[PDB]
Each structure stands twice: as structure tokens, then as C-alpha cells.
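Okay, structure first, notes after.
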Amino acid sequence: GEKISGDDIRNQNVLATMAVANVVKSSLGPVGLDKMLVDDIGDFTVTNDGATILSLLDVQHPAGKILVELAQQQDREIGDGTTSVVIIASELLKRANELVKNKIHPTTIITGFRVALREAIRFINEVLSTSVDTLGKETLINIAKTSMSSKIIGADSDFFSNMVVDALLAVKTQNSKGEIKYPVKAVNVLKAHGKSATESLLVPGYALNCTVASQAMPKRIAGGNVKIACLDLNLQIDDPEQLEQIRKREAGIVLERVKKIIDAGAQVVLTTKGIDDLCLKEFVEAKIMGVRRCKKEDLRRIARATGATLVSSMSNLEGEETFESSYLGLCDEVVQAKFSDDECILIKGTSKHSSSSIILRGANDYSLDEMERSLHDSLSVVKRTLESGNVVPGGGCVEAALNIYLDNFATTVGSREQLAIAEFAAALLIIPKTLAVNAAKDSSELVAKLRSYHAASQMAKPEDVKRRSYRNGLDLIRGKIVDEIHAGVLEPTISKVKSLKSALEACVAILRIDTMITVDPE
Amino acid sequence: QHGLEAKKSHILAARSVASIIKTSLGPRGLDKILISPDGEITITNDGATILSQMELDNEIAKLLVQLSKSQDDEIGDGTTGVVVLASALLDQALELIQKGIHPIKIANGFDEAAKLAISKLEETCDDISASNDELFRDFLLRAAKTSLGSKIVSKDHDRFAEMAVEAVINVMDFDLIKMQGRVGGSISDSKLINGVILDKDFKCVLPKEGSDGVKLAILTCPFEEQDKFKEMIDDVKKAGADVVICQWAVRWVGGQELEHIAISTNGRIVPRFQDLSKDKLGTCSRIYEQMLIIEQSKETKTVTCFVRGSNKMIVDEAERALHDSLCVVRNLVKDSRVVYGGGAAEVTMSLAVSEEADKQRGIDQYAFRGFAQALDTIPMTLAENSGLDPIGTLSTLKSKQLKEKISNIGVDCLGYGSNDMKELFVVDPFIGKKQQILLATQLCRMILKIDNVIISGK
Amino acid sequence: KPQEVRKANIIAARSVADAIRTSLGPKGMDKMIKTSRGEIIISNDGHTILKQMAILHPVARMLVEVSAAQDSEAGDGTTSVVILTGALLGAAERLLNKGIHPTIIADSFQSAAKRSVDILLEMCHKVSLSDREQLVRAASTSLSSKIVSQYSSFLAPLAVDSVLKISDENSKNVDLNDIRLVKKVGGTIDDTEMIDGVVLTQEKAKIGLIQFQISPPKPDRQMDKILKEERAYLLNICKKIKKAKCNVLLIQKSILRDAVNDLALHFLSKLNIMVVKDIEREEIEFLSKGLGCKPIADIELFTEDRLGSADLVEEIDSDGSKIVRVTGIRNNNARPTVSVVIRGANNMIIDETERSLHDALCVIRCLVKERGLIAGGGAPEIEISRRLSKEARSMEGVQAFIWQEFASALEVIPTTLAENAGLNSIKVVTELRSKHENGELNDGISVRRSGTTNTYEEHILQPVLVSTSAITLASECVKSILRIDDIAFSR
Amino acid sequence: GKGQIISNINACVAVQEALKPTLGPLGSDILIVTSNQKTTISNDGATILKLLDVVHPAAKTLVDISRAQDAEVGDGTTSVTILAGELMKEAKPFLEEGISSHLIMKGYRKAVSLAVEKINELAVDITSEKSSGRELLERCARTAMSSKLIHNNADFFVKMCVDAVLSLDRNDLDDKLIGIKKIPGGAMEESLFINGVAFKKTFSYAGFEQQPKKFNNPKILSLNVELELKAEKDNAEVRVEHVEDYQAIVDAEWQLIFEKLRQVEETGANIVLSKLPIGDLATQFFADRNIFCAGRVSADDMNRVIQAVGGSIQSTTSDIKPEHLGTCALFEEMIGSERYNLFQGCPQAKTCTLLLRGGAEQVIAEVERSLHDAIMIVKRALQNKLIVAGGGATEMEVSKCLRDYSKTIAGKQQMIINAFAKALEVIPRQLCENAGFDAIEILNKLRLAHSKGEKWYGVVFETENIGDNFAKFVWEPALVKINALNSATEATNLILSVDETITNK
């Protein structure tokens, strides 16, 4: 291998970062444009999420790997707003590379942004406040409409204010020594082709993904305390005498293992593999609902909800094979919903933890994929939203509001970190600047208003009232002065706290880079 | 490339040309072979003429063109090491710029330190004009013998110096005197006449009616056919002129050589044939071949020397030394202030700034000490050529000159057993050391301010 | 060509020694290393740098073994050994031109190294065996070779209190091999805390150890014959374990062939018996010392006596990671083991935290190996060079010029810290030479103030063993290079 | 498009990076390499940009800046010229952005328009102190010594530059009126002032030292045709029958020359000045009269002779008038075996002559630039007396008031004006790199200076700290600072007005 020296090796990663930055900047905001990627098998996919793009982005430089780790980290922290988070780390290296050229030391920018961000927590907490001007569930309704950023389905969020918001209201459970939690993945997403996306229906419970084929299954079921039986077992030579010995015993054992579940009082049976028609005959006389061709991962969520424990095969402490009743779950009722000639099992009234499900409808798989991951990413935001009642004003207007706080903070510290604070505040103006590029607007006209109006409250004395501005602020679509508080646009505190703090730490490893060492692969 | 890295790619190249002529300084120098781009071969032990004509790339050596055309014309003595002397102040600054010192702080540091050592030179300054004509003439004999001529003239300079001093006394109250020489003879066989050397030939002229003159005639325009040809010749013999000078019997006389004939004879040039008269005729003793010998009975302002040597290179080295000898003697009689050179004057200015460094202190403390170390490297050049330890010998001489205020004792350029320059009668012009040591700071003003070099295209 | 062939490798050695100068100090910068497998590894120390660097010159290859000895001792500032090596090789080129034999140059470095150790003993500061005041100040200061002390607030008392509780306050050895560094995804750097017992990487339960693999009779009418015979052998194992009351079983590496049958997990699930496999044999030392578990080769020799003992064993789930925590330790041991679980958001932060914490443990081991304290910021390097400069003129001889160059090479270490911070090389050193005569020996230099100021008041302390081992290992490397006068390429 | 302008500005900034060590006395000389092997090392940008090879056609604007710098102002090539293109450096990130430079050109135009009123507001009137031409011009002369190699020895030049311009008529001041004679070799302190017309260089032929240098009251005489025998005479058609007829041509040419020299001899002039050179035919004729004769008079020399004695070129003896014969009070011939004509006692002469002498030819070339720059300072000071601190620190206090007008914009031009004030911070940044000072330490106290002291903040370089150049007696004409922004306005607006270039072949 060889080694490349000089300061040009840092610019090589910056130019490579700016090359992939402008690619994902086109997906920022609802006015942005989606992109198409190809797996080089001939198949393609359409998604605006940067987490999928960076996962499929091939970068031989270590700078591209940091963006992958940053995108995967924001998935568990937030899960949405990738274009409003990961892209921030792009221009962060651009302005930091400008000062370090001559009169600035690499650690000065590291210590410059660290002290600024540490003191910005109190500045963010000033703007940060509890949810106000919201009645009942309107707190999540106003946030559900904010999905226009990083997700292009935000135009349909008017109808999504019901199915999506009410989905996580019924999953409320109490665990971890009296702590209200919202378990992730508890919402099962189903896909269908037909009608329109406005036909989505919310199920207050888990909905199993399957299709009813054999008509021997009962079409109606009633009664409470329905027992769920999950079984992963598959139930369906020189002379013919040896063949008859193994055949007559196999047919007897398969039908006997079915009767072991019948004696346990199981109302519904979930089998991973297929079920023969002769086995379904015992379910009709015993009033049992048979189900075949089930996914193992889909049955794991049932154990965490109703409590039904999966059984690999019949066995016991002794040599006799039977089925214990302790493996059965608890659910209130079973509902069969037929959607486009496809019937799914709806499980409601879970025991351990309550869950829900959402059925999606669309034209093709690409129309469903835009409605699948996007709405699923909005559920992860609601997970962190209801955890901390404090919220921030939406529209990405908090970056321009904190710029006036950094102007007075730059004079407090000063020294060599004053230039880093000025560039850190100038980097915050790039976020609304990119929003004006895709919206075909004038950035200099909007930024001039972001600096003039939002800084009027800091210059004027707050104790004298004379507020005369709200500062709360902007408008992407119309380029006019309106308020989101009346328009219902608000963002949770997770979009900034525990979000940009880890994103601004990406430049710490970049500024300490000296040279590049590449070893020849085997 | 720009910045400090660009300054090192150029200024540091001055150490290369400094070590080239380092071994050629003084009588201990060695002959170096130089080849011009045109194919000419130049072999001499004088480093002043080596760096004068050379083909180099970096412009750091191009500033030496104005230095070579100055010191050689103004003084000529001790000018062999003027580049090493100029680089001595630069080599000390190369260690200062590494410390981050500003060039103006270096320039003002060496400028003020060089002015403080002038007062020390006034204390040891002597006057050769205050003595009689016996001591004044004797000092001119040993001045260029132990210093100026480095080639073969070490022992034999008594012949070249005596002929040079007598040429100075005759014109004493060189630009109007033409001097040249022919390859042949030896050192002690050189001849001196009053007049200008005429290489063109036509025999002996007898005394005329006037005392000690030939009534010489010079006509620029040729006679202009046979009737007027012999008629104009008889007009020349009317005034008793046996020798006639015409461009188209001495014929084919150069333009500059013809004027030197009229200057020595105090005559006039006659362009026509009707302007010939005894008032326009020059005064010359006689013209004969002993190349025609032009003699002047009365004392005139034209006195030339004829260089003779066994080798063709001796004539070029001896004559060039006479051009520099006339410049040194001119400054000795004009400027009464004189100093003792040959290693004593360079060390003298080093101890002056050394004592003044502890008085000023401040930021200039190490700047003044660097100026002392820069002057200490000058005798180190002659120490290696003479076999003496540069560090060991100077450490002993600085200790002897500490107790005894006389600085004349120092490194001997000749290498003899006498370290006292006053005993060897080594005298250098005070203005000479001023145009060498002090004026070198002016050359450093252009070098220290070098920052970025702009290289254009073709 | 004895001199020219050796000098050709010195230039390549000084080039690597000059490149690693940017990796020293808090103002330094690290390098990016791309492994042949495709994984990116970035570290400030020269351990990974020299490990992945392949140079045909044998001098550059011998620097790996020399640095590896210092990496296991200190771990921070280990590049100064190579920097001092490259400085002595560059200074030996001028000493060799004076007519001095290379072995005499090599022997003069060892003679000056013996005096350097005595200076560190005279400048040795008194330090108590067990204290939380002195050990914390010395721990976070040596970590300045990387970026640590920002988040070390919770990390500094951890390494101090853990090592003292592992063995004792009597110093002597106190090896670090008993420390289990556990890396898990999630959490932050400040969330890293010590655990009172051993934790598992992969209520009142007993933890056993199994060296074999539980499985039917398959060492590494037919339908009913297979089911009955396999379940019979697995049931006999369950009866022996149930009588021993062992709720936690540990299995060796299963990835080869047999692994573990699913039928054996069904019988052990009713008895609430834990099954853990794919465990490296190196973890037995932690299981035998900490949990008192005796390796069990065969089920025939399985009994309760070979089983371990514990008070409370429970499973702790931190950020989705399943970790088995053991509360209390009951066994016969003179050196109880303490495990530390490292938490971090990204793998690059977790990998950097390991080397940052491991180097923080090594400096504590250097304090219990040899007690002492020295000044920071390369200040002791000047006082050692100051004495050798005066002793060179006293002894005179041919070593006077060699000890002067050996003392000048010691000034490169404090000069490197100034060059990486944006300070002039000679201008700062020139000002320090007047300050070293001022501060009077042990008074050190601070990086933030960029000048000479107090050490203990500024929380700057360094162990004496690191400076002693650095000079010793650097001297052995320089004497070996000049002693080899030529190289050869063969089988 | 906008991408081509970025490459055009980077080519202009590339040479400006080397021209940074110019403004201020602490600047460093810049080295150039030409094709003629003859280069001039100086801080002057007019000489460097003239000899620098131009690649892109827009780079020729920098050459026109130096040409307009001397025509509109006359000095500041080491200060104003390098700052004419600094607005394009701060406008470089604006080109990548969608911001149209049309509003940027209006942003800088409105910024420099309000700055002129600020320059006149801070201008101090010295007429209240009754400062004469001594104290006023001496403090301005030391300010002109910035960017010049001579510093410690510049005290001798202050006395020479002030006394030379005061002898010249203060109603009409021009560089072409006063003469400058550069003599290589010698020393700098040997420079003297001449009260009259001086010859171009010198003429040395035949007898040279034989001419006495001490005269009483010579008289100036003007001639036209060249004098010589059968060499430079005008060719004509002459019928030659025999070889002996050539003697008649010699007599016909001599009598034609003799009658013209005998008729003019009645004037009795001791100095003979001809438009062409003088040969030996007139030399021996003038030797009997014991009069001085010098030929090869340049056209610039004759124009200054008319201002004193009032003579005229005489091609014939019939037009000779007594009014064309002047005189002088004293005449002395001045170096390196070269005679220099020096006239004295010419009160009617409207022109002056200064004799410059120096060892280095490159250093004296900048001294000529120092003379041209000092006259423009004296010319604009005597017309209007105003006090402005030099060293580029004048825009420091002005930048604070410029930010006040930006807050009243509330438009796209608000951030444009802030970029103009940010461009003013480049001046102290380039000065810190020249003296090695920390740029951050100066900029921190620069923003804190206008909050307390205000007035004049000069950043004194002698104390290595912050200070005021007003108390240091550093004065600069305000007309140079006012027109400094006008030169940068037309320069910045010209490059931003070209979105593409066209090159044929």
C-alpha cells in the first residue's frame, strides 16, 4: 500500500462529501424531488429517505461510513426527518474546512463547536416549551402534518391525522416499574393493491398476515377468552409392507398431535407450515379456527402481546407427546377482514401488551413502499413525542432564531473561538437556504426576514412587552408571513435534543485526520 | 510555491556560491576553471571575477552583478571575498528567520550594529598623509603587495608597485590614461615611459630646432592625384615633422588610441589640409621602436605602464591588478583616513558590537551578538586556507585583544609567523572597508525583503 | 557500502518518525487506515499505524516490535520512542563523520541512559499507595495524547477505584489481565460504569461450566426409534443437572459441527436452566477466579462440587442488549475480578473508548508497578538534557559531543508538542530554556497556558515508569540499527 | 456563466496574494522574472502588472487599475491598487449561490457612496492650527515612507522632498514639470537639488577633464542643425569633373558652417546647446573662444529652458533675437567622470530638477516612485488641507457606521452591505501576516475599539499593541481615500458585469 500526505487529503473527503450532499439535498422538504436507486440486478426502488440512500451509497472513503452510522443512529433516536438531520453534517465540514486553512487550529474548531453547543442547550431550552394551544389529541395531529419534511406523503396527512395518531394511543402499556412505554414494531403494517390510500383502516389490535385458502376453515367465530395456539411443527423400502408400516403410523401420530391441542381448549391454532384437509376436519367438529402458513417472526410479536408461546414440536418430560395449556395465549375476539379477496386474522384484546395494526392500499408496490416506511417513520417520532411533553416550533425556524443568541454569545467567549461561532451560526442559515432552492424562491429575501424579525425580541427588552413580533415565523410554500401555531405545525423536542448533539460530533473525527493509509486487499 | 518555503528555495542558494570562492580568497587561493556558455575558458584564483561572469538559474545570485561592478571598480583590494562577506550577514539571518524574526528587525539590527563599530574604527584610524614623502611612498609599496595581487606577484610586486606609484606622483595635483601590455618578457623586465603606448609601426627622429619636441602632426582625413599626394607630404616636412599620423608613416590608428596621443602631446586634431600649422602640432620627445615608444621630456598627465610576463595569463592578471591598484592608491591619497586590513579590520568591528550588545540588551541583544558572529566568520575563511583552526585561533586572538586594546593583532592572510598587521605594513583604505563591510548591509536590504518570486512565461 | 546502505533505511525511518509527530499531544491529529478486509480503523496511537504499515525496509519493520513493548506499558505518547529513535539516527550521521565508531555511539547512548534513569529517581515525587486525590490527577493527564479528559469526569474515578479493589494497596504487580472490557451498542461515554461482578457478553441462579456440548448420541419403525433414543440420552443429562441445582450452563464454541440440538433446549426450558454457547476458552480464567467454576469435561464427572457459586444472578437489558449481571462473589481468591461495560452510540466511538480506557488502565498499572510522579508537557525531558549537557563538559572525552547531541534529541519531544499546537519551534524552546532555569526542576509546563506553570495545582501529573521505559526501549532500538551495517535479501 | 467568473477572480486574487506585503511600512518587496533578464523588485503594482504575462483577458483590468490610479489619484499603488479587487474575494461564495451580482454591484455602490460622507466627517481641519508648509508636509512625508525600503535613512529624504516641492510653484504641480536624474553608484545621502535645467546624462568625447568646472555667468545658446565635416551633412547632388574638385566641397561646407557660427558668436554665450550632437569641427572653433558646448539635447530639456531664459530653437542666423539670449547666476558642473550641467538663479523658471544618486539601480527606481507619490500628496494637501490617518486603519472606524445603515435596509442588500464591511477586515488581516502578529488578537480588539474610544483607531505597529495613528503624526490626504473606493467601484463592477468571455484563434 501507499500513503497520500498533505492537506489536500482532507479536501478530497470534503469534495466527496459535497458531491453526495447535493444528491440528498434535493429530497429535503415537501417541495423537493424524489430519487431512484438501482441494485444492479435490473430492479429499482423509489425512496426519499437518506437512511436507505446512504445504505446503498458506495463510498470508498471513511467519510461515507460516518454518514451511514449517523443515519442508523437517528433511526432509533428519531426515525424520520433524515434530510433535516443528516444533511446538517454536510455543510458542517464545509465551513470548518475554510477556517482551518491558515489562522485556525483543528482543535480550535473542535473546542469552538463543543463549548457553543454545550451552552446552546440553555438557549434551546428557552425556545423549548411544553405543548400549548392543543386540545386533546391535536398535539399529535399538528405534528403528523409536519411529515412533509423528508417524506412526500405529507399532502395526505389530513386523513392520516386519524389512522396514524390513534394507532399508538391504544398500544399504551405499563412496565419497567411503573413507566408508560410504547413498544416499537407493535404496529403491524399490511399492504394491499386497490382503491386509494384513503381507504386505510386502523385495527385496535394485532393483525396477522396470511390468506385463507381452504374453505374448510370456519367463516364465523364468537366468544371471549380465545386461546391462541402457536405451533412451528410441520404436520400434513424394499417391499410395500415396510411402506405401510411407516404410513399408517405417520397418519396416526399427525392426527394424534392435533388432538393434544384440542384437549387444551385452543379456539384458534396458528401453524407455521401447511395443514392437510384431514387435520382441518377435527377443527370443524371441535369448533376450532385453523390457520396455516404463518411467519415465525410474525408469531414472535403475538407472544409479546397475547402471551401465546410457540411450540417447536410435541414432547413432554416423559416419553409421551402432548400439548400443555400453558402455551396458550389470551385474546378477546378474532376478526376476519376480507380485503381484495384476501382475509387476514385480526387479534384484539391482548394480555401482556396492547398493540395495533394498519392496512395500506395503493396502486403498485412503489406506491405502497412510499406509504409503508414513511408512516412507520412517523410512528417512531410519536414514540419519542409522547415521552417528553416539551416541543419546539416546527418549520425549521429554530436555527434562525438561535443565531441572535450566538451573536451575543460570540462576544462573551471571543478569543480564537469567535470565528467558529460566527461560522456555526452561518451554517444554520443553510438549512432554510436549501429549502428555498427546491421551492424556487429567493433565499436572500427569506434569510433577511429570518434575521430581522427573529432578532427583534432579543434587541428589545422582554420585560417592557412591546413584543410586536412572534418570532415563532416563516413559510416555505407561499413565501409570506404566517404562523404555524394557527397552521398546526410543531416539532417534538427529539428532533433537536439528542439529535443535532450527536450530528455535530461528526466533525470531531474529521478535523483530526492527518493523512490516508490504504492497504492493498487480498 | 509561496511563503517561507519559497524563501528557502532561493535565498539558501547563496551558500553555494559562497563556498565556491571561499577557498580562493587571499594569497592562499587556488586556481579554478570556469567555462562560459560561449565556450571561453577563464582560469584565475580571484573569486571576484569568477562570480562576475557566470550562468545561473536562481536570481539570488543575480544581485551580485551590481556588487561585482562596484567593489572591483571602486576599490579592487579585498574584493575577492565580498560575496562571502555579504553572505556572512545573510547566513546569520538564515538562523534568525527560522526563529520567526521579522526581516526589518533583522535589517535594523545589522544596520545600527554596523554604525556602532564605526566609532571603534576611528580610534584605530591612522593617517598616511601626515608623514613625509618617504613614508607615504613606502606605505604604497607594501599595501598591494601583501593583499591585492594573489598571482606570482607576492614576492615580485616591488616591480609592479614602484612603477605604479611613480605613475601616481607624476599626475598628482587615471581615466585619461590608456594602459595595456604584450605577452612576453618577465616581471622585472617591464618598462615605463611617459606617453601612450602605440602598437602601430611605420626610423629614428633627430632633435629638431625646438628643444625636446618633434612637432607631431595628426591628420584625420587622408590626402585627396599624384600631384597633390607628394605636395601635401612636403607641407608636413615644412615644420620638421618626420612622423605623420593618418587613418587611411603611422597608419590605421584606433579612435580611442588616437585621442590619447593628443592628450599626452597637448596638441590638436587637424581635419583638413589647410589647418596645418605649428600651433596645432603636438609636443613629443621622439618616436622609435625599442611597438613605437612615445616619450615626453616635460612632465605630462599621461603616464602608462607596459605589462610583461612569461605566460599569457600573467599579463591579464597583472594588468587587472594595476587597474585595482590605481583605485586603491587614489583613495589613500584623497582620503587621509586609513585602517590596517588583512584580517585586523574585520575582527576590530566584531569586538565593538560585542561590547555594545550587553549595554543595549532588549530584543536587539541576540541581534547584536549575531552581527558579531557574522563578522567572526570572515577570518574563518582565511583560517582554513592558512591551516589555522577557525574556532581555535579566533578564540585565542579574542582573548589577547581583550586585555590589550590594540586590535592590529589577528589572522594573517599571508600565513607567516607575524600576526600583527602593523608590523607587516598592511594598510587598507578606510572608505574601502566602509564600501565592503558597511555597504554589504545595503545588498542585504534586497535579500532580506525577499518574500514571493513571480516567474512569468515565455 | 556499510554507511550508505544503512543511511538509506534511516531516511525511510525518519520519514515515518516525522509523520507520527502529528499524532502526539492533545493538539495532534490521527491518520485513517483502511484494512485489506475493508474495515476502517482510525486511532491516534502508533500501535495500529505500525501494525498495518508494511515497508520493505527492515528498519521500519523493527520499529513495530520496539513500539509494541511500550504500547503494553503506557499506550499514550508511545510515538516519542520512535521520534527519539529517528532523532538519534539523524544526529548520529554527523557524529559518524567525526570518526567515531557506531558501537561507541551506541554505547554512549546507553551510558547516558543510565544517568537519565538516576535523574528520574532524583526528580521522583512522593506518591501514596492508595489515594483518590493523587491517582486521578495522574490518570487524566497521561491521557492527553488523545481526546479523553472532556468525558473522563465519570471515567477518571472508575479506573482508580477499580484497580485498587482488584488486588490490594500493596502495589507490586497487580496485573490488568483480570479486567473484562465489555463493548455494547447504545448509551454514551459518560454512561460507562463499573459492575460489582462478572457480566456475560453473549433470580439467584447457579452458574455452571460445561466443556462438552449437549446433544444426542452423535459426537463430532425408524421414526419412533430416533425420537425415543435421542430424548432418552438428553433426559439423563437433565436428571443429573436437576439434582445439582444448576440454573445457568455455559458451553464452549459450538460453531464447528455438533452445536446444540433443539430437543435439549425443550427439556431444559421447563426446569428454567440457562444455556449459553460459543464461549471462548480464554473466558475460563474469569469464570474460575470470579465465579469459582471448575471445567467439566464429561457428563459422567458432572457434579455439584465443580459448579460455581453466586448470590444473585439476573439478566439486565440495556438499550436492547442482553447482559447477565452477577451480584456478589463467593470463592477462594486473593484477587477478585472487576468487569467494566463500555457503552457508546457508534462503533467508532466504542472502539475509540476501548483504547482510551485501556490506556487509562495501563497508566494505573505503571503507578502500582513503580511508584513515582514526574512533570508533564515534556518538562522532565529538558532537565535530563540539561544535566547531560553539563556532565558532557565535565567528563570531556569523545562522548562530550555525543552526549550533547543525545541531549538535543531529548528536546524534540517537548518541541513536537509546541509544533502541533501552532507554536514556533525554536522561538518557544528559546523562551523555555530561560524558564527551565526559573521553574527549578520539577516545575512543569501546561498545554493550555503554553508556558511554565504549576503541575499539581493544574492537575498535571505523569508516572515515572513511562519516562523510564521510554528511554530504555528507545536506547535499545537505536543501538541495534547502527550496529547492523548492511542487509541481505534471501530465504 | 457564474462558474467562469470564479476562475477569473481566482486568477486576479492569485497575484494579489503576492502583493499583500505592500500596504504599510512593514511590507516586503516582491520579486519578478521577465524575459529581458532586467527586473525591478518593488512593492509597486504598476510595474509588476505591466511586466507580468497576462493569460486571461479579464486580468488586464488590474493593469488598467494602476493606469487609472496614477491618472485619477497619482499614488497609492502599494495600497489602493491591491484593495481594488478585494471585493471580489468576499463575493466569491455569492457566485455559487443564486444571488445575482446585479444587486451586489448596487450594494457596494451604495456602500462607498455613504462612506465618502464619513471620510469628510472624520476629516480634521488643520488650518485652525495655522500649520505652514513645514509641519504639514513633514508629517505627510513620513507617511509616504511606508512600503519603501528606506526607513531609518529616510530622514534625509524628508528634507529633500519637502524643499524640492516648495521651490516649485505651488499653483501648478506635475511630475512631468520637475526633473528627476537617476545616477547609479555612489551613496544615497549624496543626492542634491538643482535650481535649473540639467542635461539628460552626460557627453564625454575628446577632451573632458580639460574643461574647467568653475564659471562666473555663462549664457545659454540654442542651435538646431548638426555641425561636422563631410559626415552628417545633408546629401546633395554635386557635379564632380575631377578629383581636385573635392577640395571645393570642403570649403563650401566649412564656409557654410563658419558664417553661421560667426554671426551667432556676436551674442557671446558661454554655453552652446544644440538639438543634435556637436562634432570636432565646432569643438576646435569653440576652443579658441574658451566657451562650453554640449550637444544631444533632449526635447524634454529644451521645454524647461524656455521657462527660464525664454530661448527658442534657431535653424538660421536671420531669426536670432536679443530676447532669446539669457544668463544664469552661477554654473557648476557636477560623478564617475561625468559632467552634470547645473543652473542657478532662475526665478522665472517654472520647472525644477532633482539629482538622485544611489548604489543600487533597483532601489533608486522606487525612489522615483516615492517622488511621484510624494508630489501627489503635497499637491492634494495644499489644495485642501485634511487630516486622515494612514496605514489602512481609516476604514476600521468607518465599518461600524456602515453596519448601522445595513440595519435600515431589511432586504437582499442587507447581507450585501455586511459583506462590504467584512471586506474591510481584510486590510488588518493582511497586515498581521506581514508583521507576524496574530490576526485574531487584532480583530478582537478592533471590534472593541469602536465601542469605547471611537474617533481614530490606527493600530500602531511600533508598540506591538493597539493604538492611535493620529497621535503618531501620521497624516494622509483625504482625496486619496475618497477616490480609493471609486477606483474599486469601477473595478469590481466591471468584472461582475462579464458573465462570459470570447477568444478567437
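Protein chains in written order, with the authors' numbering: chain A, 17 to 252, 264 to 499, 501 to 550; chain e, 41 to 213, 221 to 249, 256 to 277, 302 to 325, 342 to 383, 392 to 559; chain D, 16 to 217, 230 to 247, 258 to 528; chain h, 22 to 355, 357 to 527.
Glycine residues also receive a C-beta, built at the ideal position from the N, C-alpha and C atoms.
1) Which chain D residues sit within Cβ distance under 8 Å of residue 257(A)?
2) Who are the Cβ neighbours of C535(A) in its own chain at under 8 Å, not counting the five residues just before and after it?
3) Could you check which residue in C545(e), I158(e), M392(e) has the C-alpha nearest to that of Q227(e)?
4) Just to make sure I have the definition right: I need the residues of chain e whose C-beta is within less than 8 Å of the C-beta of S56(h). Which are they?
5) Which residues, in chain order, does the segment 38-62 of chain A contribute to contact with chain h at a C-beta distance below 7 Å?
6) Could you tell me whether the Cβ of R361(e) comes closer than 8 Å to any Cβ of chain h?
7) What span of residues does the alpha helix (DSSP H) with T84(e) cover, start to end?
8) Mind listing which residues of the segment 117-148 of chain e have their C-beta closer than 9 Å to chain h's C-betas, in chain order?
9) Given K49(D), which residues of its chain have a CB within under 7 Å of its CB, disregarding the five upstream and five downstream residues?
10) DSSP state of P420(A), grouped into three classes?
11) Give a yes or no on whether the minimum CB-CB distance between residue 500(A) and chain D is below 8 Å.
12) For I159(A), which option in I513(A), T546(A), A330(A) has the closest C-alpha, if you only look at C-alpha atoms?
13) Rounding to the nearest angstrom, what Cα-Cα distance links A171(A) and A537(A) in this structure?
14) Would you mind working out which of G53(D), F169(D), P373(D) sits nearest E550(A), comparing C-alpha positions?
15) Report the neighbours of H424(e) on chain h: residues whose CB is nearer than 7 Å to its CB, in chain order.
16) Kindly indicate which three-state DSSP category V350(D) falls into: helix, strand or coil?
17) Taking its Cβ as the centre, do 16 or more other Cβ atoms sit within 10 Å of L136(D), making it buried, or is it exposed?
18) In the DSSP output, what is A208(A) paired with across the bridge?
19) Kindly indicate if chain D contains any beta-carbon less than 8 Å away from that of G346(A).
20) Which of helix, strand or coil does DSSP assign to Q370(h)?
21) Would a C-beta distance cut-off of 8 Å place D395(h) and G558(e) closer than the cut-off?
22) State yes or no: is the beta carbon of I204(h) nearer than 8 Å to at least one beta carbon in chain e?
23) Closest to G239(A) by CA distance: which of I288(A), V101(A), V361(A), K207(A) is it?
24) Can you give me the C-alpha to C-alpha distance between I292(D) and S376(D), rounded to a whole angstrom?
25) Under 7 Å between beta-carbons, which chain A residues line up against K49(D)? List them in chain order, please.
26) In chain order, what are the residue ranges of uninterrupted alpha helix (DSSP H) at least 4 long that sit wholly in the segment 77-162 of chain A?
27) Mark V520(h) as exposed unless 16 or more other C-beta atoms lie within 10 angstroms of its C-beta, in which case mark it buried.
28) For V385(h), is the classification buried or exposed, using 16 other Cβ atoms within 10 angstroms of its Cβ as the cut-off for buried?
29) Let me make sure I understand the geometry here. Which of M437(h), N256(h), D426(h), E117(h) has the alpha-carbon closest to that of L124(h)?
So, from the data block:
1) The gap in chain A between 252 and 264 takes in residue 257(A), so it carries no coordinates here.
2) So the list reads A105, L108, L109, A112, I125, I126, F129, once near-sequence residues are dropped.
3) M392(e)
4) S557, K559
5) none
6) yes
7) Taken as a continuous stretch (DSSP letters only), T84(e) belongs to no alpha helix (DSSP H), being part of the beta strand (DSSP E) at 81-84.
8) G140, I141, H142, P143, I144, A147, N148
9) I55
10) strand
11) Along chain A, the last residue before the gap is 499 and the first after it is 501, so residue 500(A) carries no coordinates.
12) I513(A)
13) 39 Å
14) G53(D)
15) Residues of chain h passing the Cβ test: none, with the nearest at roughly 14 Å.
16) strand
17) With fewer than 16 Cβ atoms within 10 Å of its Cβ, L136(D) is classed as exposed.
18) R388(A)
19) yes
20) coil
21) A distance of 8 Å or more separates the beta carbons of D395(h) and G558(e).
22) Judged by the 8 Å Cβ criterion, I204(h) is not in contact with chain e.
23) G239(A) has its Cα closest to that of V361(A), out of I288(A), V101(A), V361(A), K207(A).
24) 26 Å
25) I545, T546, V547
26) 78-93, 104-115, 122-143, 154-160
27) exposed
28) buried
29) The shortest CA-to-CA distance from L124(h) to any of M437(h), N256(h), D426(h), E117(h) is the one to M437(h).
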